[PDB]
Enquirer: 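Dropping the structure in here first, questions after.
Each chain gets a letter, A, B and so on, in the order its sequence line appears, and its residues count up from 1. Atoms within each ligand, like the ligands themselves, are counted from 1 in listed order.
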There are 2 protein chains.
Amino acid sequence: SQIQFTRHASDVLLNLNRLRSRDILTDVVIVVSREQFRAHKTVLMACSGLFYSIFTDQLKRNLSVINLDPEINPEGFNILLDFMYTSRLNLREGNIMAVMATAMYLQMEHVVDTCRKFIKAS
Amino acid sequence: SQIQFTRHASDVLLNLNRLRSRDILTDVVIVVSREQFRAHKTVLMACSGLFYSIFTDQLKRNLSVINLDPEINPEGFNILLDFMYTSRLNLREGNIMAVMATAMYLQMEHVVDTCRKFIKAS
Ligand SMILES: Cn1cc(C#CCn2cnc3c(c(/C=C/S(N)(=O)=O)cn3CC(=O)Nc3ccncc3Cl)c2=O)cn1
Ligand SMILES: Cn1cc(C#CCn2cnc3c(c(/C=C/S(N)(=O)=O)cn3CC(=O)Nc3ccncc3Cl)c2=O)cn1
Ligand SMILES: [Cl-]
Ligand SMILES: [Cl-]
């Protein structure tokens with residue numbers, strides 16, 4: 001029935017990423033060892049079972065700082081956060097294992113499955 | 001270079017819409033005459049020049065209630081808000097003029113242009 005705008009979802013995500021680049025309406029800092037990364041909780045929830053579980057919980061929804069497991073690699077996390085905001089996943093032989101283990105921790109099954117495909121094709 | 005996830009932007013927007021349906025992390029009420037509609041400021045900014053201009057402004061960024069022009073038709077606004085969260089625009093002969101005038105007010109040029117195409121094809 002309704003008219004479908006094929007580029008609209010991509011346009012929305014690009015503009016969310018532009019807001020993240022300007023720190024506009026970002027509402028959380030994710031701390032990963034010595035690094036930290038600002039984001040929108042809504043985008044994190046949309047992209048991660050871990051962040052969904054954290055922020056749906058009424059005890060945690062209002063947190064402004066989330067400390068990740070100190071074993072998580074900041075580069076693997078940064079790669080996945082950039083994927084969340086762009087639809088683009090930079091998998092390479094040098095980062096595949098860190099990215100895949102981080103995607104398991106963040107509960108991102110389709111990314112984990114793509115990492116398995118990458119390993120199988122290598 | 002990077003791996004492109006074709007469904008990712010659509011997945012993000014669907015999950016933002018699911019959060020809006022549960023009123024999770026919505027941060028504004030838009031008042032349109034006797035009706036009101038909750039939303040995420042980030043999605044409104046991504047989809048509307050009017051909301052972009054309102055919430056980028058440091059005097060207005062923290063507002064939790066925005067009163068629209070009392071001449072705006074609530075049904076036309078609801079149609080456009082649903083489009084923002086779905087990529088689907090329900091244009092019909094009975095609503096085209098209200099939708100098009102509302103899209104002008106919200107500063108949504110590609111929607112206005114699609115409304116002109118609808119008129120031309122009618
Ligand atoms: C150890 N291990 C665990 C897993 C897993 C898992 C399941 N699992 C749960 N949750 C997910 C995802 C994705 C995938 C993204 S991706 N990048 O893979 O395509 C996003 N989310 C959040 C989500 O569904 N959010 C909402 C749902 C309904 N309503 C509102 C919202 Cl916000 C997701 O895989 C993988 N390994
Ligand atoms: C009287 N009259 C005025 C107009 C107009 C206009 C221009 N105009 C300005 N702004 C827009 C749009 C759209 C279109 C959406 S749509 N539905 O038409 O495709 C979205 N936005 C917001 C936006 O660009 N936001 C960001 C930009 C950069 N960085 C971060 C963000 Cl959040 C947009 O058309 C039409 N009639
Ligand atoms: Cl802000
Ligand atoms: Cl909330």
Enquirer: May I ask you to test the B:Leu80-B:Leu89 pair for a side-chain heavy-atom distance under 4.5 Å?
Expert: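 Answer yes - side chains close enough.
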Enquirer: Quick one: list whatever passes side-chain contact (heavy atoms from CB on, under 4.5 Å) with B:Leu14, sequence neighbours left out.
Expert: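 Scan of B:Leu14 (side-chain contact (heavy atoms from CB on, under 4.5 Å), adjacent residues dropped) gives B:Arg18.
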Enquirer: Step by step, work out the salt bridge (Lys or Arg N to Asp or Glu O under 4.0 Å) result for B:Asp27 and B:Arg61.
Expert: CA-CA 11 Å; B:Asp27 57 350; B:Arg61 188 169 298 168; over 6 Å; no
Enquirer: I'd like the residue list for ligand 1, meaning every protein residue with a non-hydrogen atom under 4.0 Å from the ligand.
Expert: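 Lining ligand 1: A:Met45, A:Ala46, A:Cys47, A:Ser48, A:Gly49, A:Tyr52, A:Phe83, A:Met104, A:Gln107, A:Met108, A:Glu109, A:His110, A:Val111, B:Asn15, B:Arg18, B:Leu19.
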Enquirer: Kindly assign one of parallel, tilted or perpendicular to the pair A:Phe51 and A:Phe77, based on the angle between their ring planes and the thresholds 30° and 60°.
Expert: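 Plane angle over 60°, so perpendicular.
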Enquirer: In terms of the angle between their ring planes, are A:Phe5 and B:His110 parallel, tilted or perpendicular, with boundaries placed at 30° and 60°?
Expert: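 Perpendicular.
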Enquirer: Kindly indicate whether the side chain of A:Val31, heavy atoms from C-beta on, has any atom under 4.5 Å from the side chain of A:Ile66.
Expert: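 They are not in contact (no side-chain heavy atoms under 4.5 Å apart), so the answer is no.
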